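*Asks:*
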Amino acid sequence: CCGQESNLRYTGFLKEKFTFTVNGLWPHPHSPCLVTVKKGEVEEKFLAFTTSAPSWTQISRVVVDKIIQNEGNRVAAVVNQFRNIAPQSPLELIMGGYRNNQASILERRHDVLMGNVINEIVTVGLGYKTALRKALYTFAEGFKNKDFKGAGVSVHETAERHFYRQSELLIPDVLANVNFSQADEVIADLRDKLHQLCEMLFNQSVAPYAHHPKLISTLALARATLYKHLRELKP
DNA sequence: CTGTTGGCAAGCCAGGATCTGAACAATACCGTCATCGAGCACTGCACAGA
Ligand SMILES: [Zn+2]
Numbered sequence: 252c253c254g255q256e257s258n259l260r261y262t263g264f265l266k267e268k269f270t271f272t273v274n275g276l277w278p279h280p281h282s283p284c285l286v287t288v289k290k291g292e293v294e295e296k297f298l299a300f301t302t303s304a305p306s307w308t309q310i311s312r313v314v315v316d317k318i319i320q321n322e324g325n326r327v328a329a330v331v332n333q334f335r336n337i338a339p340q341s342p343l344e345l346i347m348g349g350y351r352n353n354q355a356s357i358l359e360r361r362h363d364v365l366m375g376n377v378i379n380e381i382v383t384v385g386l387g388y389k390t391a392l393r394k395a396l397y398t399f400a401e402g403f404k405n406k407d408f409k410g411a412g413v414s415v416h417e418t419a420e421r422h423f424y425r426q427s428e429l430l431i432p433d434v435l436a437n438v439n440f441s442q443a444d445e446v447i448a449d450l451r452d453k454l455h456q457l458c459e460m461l462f463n464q465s466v467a468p469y470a471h472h473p474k475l476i477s478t479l480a481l482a483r484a485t486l487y488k489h490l491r492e493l494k495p
């Protein structure tokens with residue numbers, strides 16, 4: 252596994268089925284959580300990479316940090333402590349998680365290494389991500405309400421995954437050219453790029469349902485939603 | 001063998017209205033996680049004794 256020499260090396264183990272039930276939610280201090288209020292009670296759910304694993308090369312920790320900071325998400329208890337001990341000190345994460353289909357691991361995202377522009381870049385990135393999601397969720401819902409079947413009800417999931425992968429290609433050049441005087445220019449260029457990408461991904465996600473006349477109002481509403489949110493992103 | 005030149009080519013005025021443009025029914029399903037032990041199959045294994 253590691254390639255190092257070792258006196259003792261294990262080669263197998265034994266396991267057996269074993270079940271129980273933990274009622275309630277144990278206050279684990281190492282994970283951020285989502286706060287939801289159902290009925291009058293407060294519900295918490297620990298964060299997990301569900302249908303996407305938000306990540307960019309070099310700055311994945313910043314992407315995850317901002318999602319917790321902005322999108324009912326709450327920071328981990330160990331992070332909450334550090335903020336209270338040093339409120340003015342800059343805070344970066346060491347983070348990781350898996351995307352899974354039951355026993356199968358589909359995706360791994362980990363940032364393990366031991375600035376405001378980067379925050380701005382990530383903030384901009386997430387904005388276009390959100391614009392795309394709202395547009396395609398609008399399509400997916402309309403697709404569902406129109407009694408249509410198939411993968412049309414989750415096109416917002418695939419397109420979100422494709423968003424991060426297609427935009428990751430832009431990141432190295434962006435990071436390489438960032439400095440005091442060039443920051444506003446490279447971020448503006450990033451916006452145009454991400455604007456174009458969102459349009460492409462929208463069209464790509466929706467392409468298999470061309471010539472479905474009953475879906476034209478759903479498609480039209482979805483694209484109008486996209487451009488509404490894209491316009492709100494240009495400063 | 002030898003075949004030409006000048007001068008000249010128009011203007012007026014006029015192009016429409018009525019009224020009409022559809023409806024129904026139908027858009028799929030499967031598989032591409034895993035676990036455990038059991039109940040029940042190919043499948044060769046020599047043989048012992050036929
Ligand atoms: Zn090792």
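Read left to right, the first sequence gives residues 252 to 322, 324 to 366, 375 to 495 (the entry's author numbering). Built from N, CA and C at the ideal position, the CB exists for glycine as well.
Let me confirm a value: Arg491 is counted as buried when at least 16 other C-beta atoms fall within 10 Å, else exposed. Which label applies?
*Replies:* exposed
*Asks:* With DSSP as the reference, identify every bridge partner of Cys284, one or two as the case may be.
*Replies:* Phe297, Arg326
*Asks:* The beta strand (DSSP E) spanning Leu358 covers which residue range?
*Replies:* 356-363
*Asks:* If contact is defined by three or more beta carbon pairs under 8 Å, each pair taking one atom from either stretch, is the segment 377-385 in contact with the segment 399-409?
*Replies:* no
*Asks:* Can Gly263 be considered in contact with ligand 1, in the sense that its beta carbon sits closer than 8 Å to one or more heavy atoms?
*Replies:* Relative to ligand 1, even the nearest heavy atom lies 8 Å or more away from the CB of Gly263.
*Asks:* With respect to the alpha helix (DSSP H) encompassing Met460, which residues constitute its N-terminal and C-terminal limits?
*Replies:* 443-466
*Asks:* Considering only their Cβ atoms, is the gap separating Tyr388 from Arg312 smaller than 9 Å?
*Replies:* no
*Asks:* Check whether the Cβ of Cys284 lies closer than 8 Å to any heavy atom of ligand 1, and answer yes or no.
*Replies:* no
*Asks:* Distance, Cα to Cα, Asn353 vs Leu396?
*Replies:* C-alpha separation (whole angstroms): 23 Å.
*Asks:* Of all the options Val331, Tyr469, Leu365, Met347, which has the alpha carbon lying nearest to the alpha carbon of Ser341?
*Replies:* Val331
*Asks:* If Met366 sits next to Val315, beta carbons under 8 Å apart, how far is it from one beta carbon to the other, in whole angstroms?
*Replies:* That pair is no contact at about 17 Å.
*Asks:* Regarding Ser257 and ligand 1, is the C-beta to nearest heavy atom distance less than 8 Å?
*Replies:* yes
*Asks:* Check whether the Cβ of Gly348 sits closer than 8 Å to any heavy atom of ligand 1, and report yes or no.
*Replies:* Outside the cutoff, so no.
*Asks:* Closer than 7 Å by C-beta to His422: which residues in its own chain qualify, once you throw out the five before and the five after it? Chain order, please.
*Replies:* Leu461
*Asks:* Could you tell me the boundaries of the beta strand (DSSP E) in which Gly348 lies?
*Replies:* 347-353
*Asks:* Quick one: measure Cβ to Cβ for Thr308 and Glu428, integer angstroms, because I've assumed they're closer than 8 Å.
*Replies:* Yes, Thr308 and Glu428 are in contact; Cβ-Cβ is about 6 Å, under 8 Å.
*Asks:* With DSSP run on the structure shown, which of helix, strand or coil describes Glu492?
*Replies:* coil
*Asks:* Answer with buried or exposed for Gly412, where buried requires no fewer than 16 other C-beta atoms within 10 angstroms of its C-beta.
*Replies:* buried
*Asks:* Roughly how many angstroms separate the alpha carbons of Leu276 and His472, rounded to a whole number?
*Replies:* Rounded to whole angstroms, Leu276 to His472 spans 46 Å at the Cα level.
*Asks:* Output the boundary residues of the alpha helix (DSSP H) element that contains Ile318.
*Replies:* 311-321
*Asks:* Between the C-alpha atoms of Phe264 and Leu358, what's the straight-line distance to the nearest angstrom?
*Replies:* 25 Å
*Asks:* Shorter than 8 Å, the distance from the beta carbon of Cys252 to the closest heavy atom of ligand 2, or not?
*Replies:* Within the structure as shown, ligand 2 is missing, the only ligands being ligand 1.
*Asks:* Express the C-alpha separation of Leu392 and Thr485 in angstroms, rounding to a whole number.
*Replies:* 9 Å
*Asks:* Under 8 Å, with one C-beta from each stretch per pair, do the segment 255-273 and the segment 285-299 reach the 3-pair mark?
*Replies:* No, because fewer than three Cβ pairs between the segment 255-273 and the segment 285-299 fall closer than 8 Å, the two stretches do not touch.
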